[PDB]
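With the UniProt record's numbering applied, the sequence shown corresponds to residues 1685 to 1749, 1758 to 1778, 1780 to 1916, 1920 to 2122, in that order. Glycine is no exception: its CB is placed at the ideal position from the N, C-alpha and C atoms. Read through the structure below, which is laid out as structure tokens, and then see the notes.
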Amino acid sequence: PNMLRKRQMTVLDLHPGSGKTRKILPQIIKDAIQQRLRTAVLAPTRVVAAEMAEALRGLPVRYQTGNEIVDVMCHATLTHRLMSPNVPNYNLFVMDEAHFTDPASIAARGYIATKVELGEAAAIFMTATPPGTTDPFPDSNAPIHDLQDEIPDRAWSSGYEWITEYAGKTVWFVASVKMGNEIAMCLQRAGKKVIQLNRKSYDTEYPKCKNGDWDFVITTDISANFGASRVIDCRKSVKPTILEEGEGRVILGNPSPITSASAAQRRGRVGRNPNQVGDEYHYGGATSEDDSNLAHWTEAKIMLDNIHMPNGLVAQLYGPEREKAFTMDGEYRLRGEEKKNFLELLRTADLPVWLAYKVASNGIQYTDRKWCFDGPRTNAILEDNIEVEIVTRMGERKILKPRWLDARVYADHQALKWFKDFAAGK
């Protein structure tokens, strides 16, 4: 209850499997309402806000993704609102999964930390792996066998007997959906039942695990729980990376080492049941915290620079994250029409922050799509081995050749489809 008073930043380092959302969160919220604190409760991802709504039943809470003083929203709803000209004076912020390195999450932590430092609010960040984490092997409810193994990143014809011999359930984190599919098909040829949880997520696949009739779930990301007694972790992921070369570019790099926080979260899927001994975590490479060129640090700073504060001052990243990229505070601030264009490119067109910033900072209007087509011929986007063409709503056929390339807009067929609609003026 005391943690709720202004000027306190509390990190609840709760090791994986402690049920923070389900037990600890409701008590905090009950104490907040009791103390009449205007409270923002922040969820990172799709499911967590909903899991919060059930956890917080009976409590006067308002969900935003009449008289309630507690608001539940995604990390990103807060950040997008903060940048706009349209946010309550929260006395308390509670951020669940406060390790997420989505740019809007990083920016949200910076804003919150800044408000707490000013003595304007209190905050509680809940996560097993808080920012500044370096330990991939945190505590668990049951001991876990940590095993360094060579992990395949493609189909195998022989060897790797330990993978297929195992009798229990395995979650295998792979570096890419493509790689995941090769592996899944491999395992299926070996008689294993496999679920690929990527963006067939809440299709059949998400609650296809609850039936329990599977041997492996192959996934790239986010670490709801399953029946797993074993995790296989390639310990790599493909990350958007900024290349400062030309007029600048964002690439999706070859698979690179994950952070210790990510490794800990992956490992933390197992060892959760104090009556189940022998769970295993097999990992295939080192972690790294050297990731200053990840797009998200710069994108977080772009967002923070664009949140106006009262003291004329610029919010800063949360302390342990400040070192991830040093710029002069305010460097990325946009004003007037450029800022309006930037927000529209973010909220309507859903462009990545970096790309929205490049377009708006070059004085381009939201509705002017010429930049999608007037880049150098080296920038032509190719899909299934041919130049991508669109027909604009004006009746012109154009090759998609953007002035700035952000690989996230052509990462998958669906990303490229959305970007083509955008380029055409749909």
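- Query: When you compare each of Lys2113, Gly2091, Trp2067 to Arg2099 by their alpha carbons, which one comes out closest?
  - Reply: Checked all of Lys2113, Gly2091, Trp2067; the closest Cα to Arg2099 is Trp2067.
- Message: One question on the structure: do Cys1930 and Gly1852 come within less than 7 angstroms of each other, judged by their Cβ atoms?
- Response: With respect to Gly1852, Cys1930 sits apart: the two C-beta atoms are not nearer than 7 angstroms.
- Determine the contact status of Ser1988 and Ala2021, defining contact as a CB-CB distance below 7 angstroms. Yes, they are a contact pair.
- Should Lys1997 and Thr2023 be called a contact, given that it needs their Cβ atoms to be closer than 7 angstroms? Their beta carbons are under 7 angstroms apart, which means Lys1997 touches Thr2023 by this criterion.
- Message: Please classify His1792 as buried or exposed, where buried requires at least 16 other C-beta atoms within 10 Å of its C-beta.
- Response: By the 10 Å Cβ count, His1792 comes out buried.
- Message: For the segment 1719 to 1737 against the segment 1692 to 1710, do three or more pairs of beta-carbon atoms, one drawn from each stretch, fall closer than 8 angstroms, so that the two count as touching?
- Response: Verdict: yes, contact present.
- Assuming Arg1962 and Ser1916 form a contact by the criterion Cβ under 8 angstroms, report the distance between their Cβ atoms to the nearest whole angstrom. Correct: roughly 5 angstroms between the Cβ atoms.
- Whole-angstrom distance between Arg1802 and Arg1691, CA atom to CA atom: Their backbone Cα atoms lie some 15 angstroms apart in a straight line.
- Give the secondary structure of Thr1723 by DSSP, where H, G and I count as helix, E and B as strand, and everything else as coil. DSSP places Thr1723 in strand when its eight states are reduced to three.
- Message: Is it buried or exposed, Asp1986, if we count other Cβ atoms within 10 angstroms and call 16 or more buried?
- Response: Looking at its Cβ environment, which holds fewer than 16 other Cβ atoms inside 10 Å, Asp1986 is exposed.
- Between the Cα of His2004 and those of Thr1807, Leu1721, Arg1746, spot the shortest distance and give me the residue it belongs to. Of the listed residues, the one whose Cα sits closest to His2004 is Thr1807.
- Query: What is the rounded straight-line gap between the Cα of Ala2011 and the Cα of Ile1844?
  - Reply: In a straight line, the C-alpha of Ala2011 is about 42 angstroms away from that of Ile1844.
- Message: Please tell me whether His1978 and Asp1832 are closer than 7 angstroms, where the distance is taken between their beta carbons.
- Response: At the C-beta level, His1978 and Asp1832 stay beyond 7 angstroms of one another.
- Query: Hey, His1767 and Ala1797: beta-carbon distance below 7 angstroms or not?
  - Reply: Yes; because the gap between Cβ atoms is below 7 angstroms, this pair is in contact.
- Collapsed DSSP secondary structure at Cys1879 in the structure displayed: Residue state for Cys1879 is assigned as helix, using DSSP reduced to three classes.
- Between which two residues does the beta strand (DSSP E) harbouring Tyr1977 extend? Where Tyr1977 is concerned, the enclosing beta strand (DSSP E) stretches over 1975 to 1979.
- Rounded C-alpha distance that separates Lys2122 from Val1864: For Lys2122 and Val1864, the distance between alpha carbons rounds to 39 angstroms.
- Spell out a yes or no on whether the segment 1926 to 1943 and the segment 1810 to 1819 are touching, meaning 3 or more CB-CB pairs, one atom from each, closer than 8 angstroms. Taking a cut-off of 8 angstroms on C-beta distances, the segment 1926 to 1943 does not touch the segment 1810 to 1819, as fewer than three cross pairs fall below it.
- Message: Could you check whether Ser1933 and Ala1868 sit closer than 7 angstroms to each other, using their CB atoms as the reference points?
- Response: Result yes, Cβ atoms of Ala1868 and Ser1933 sit closer than 7 angstroms.
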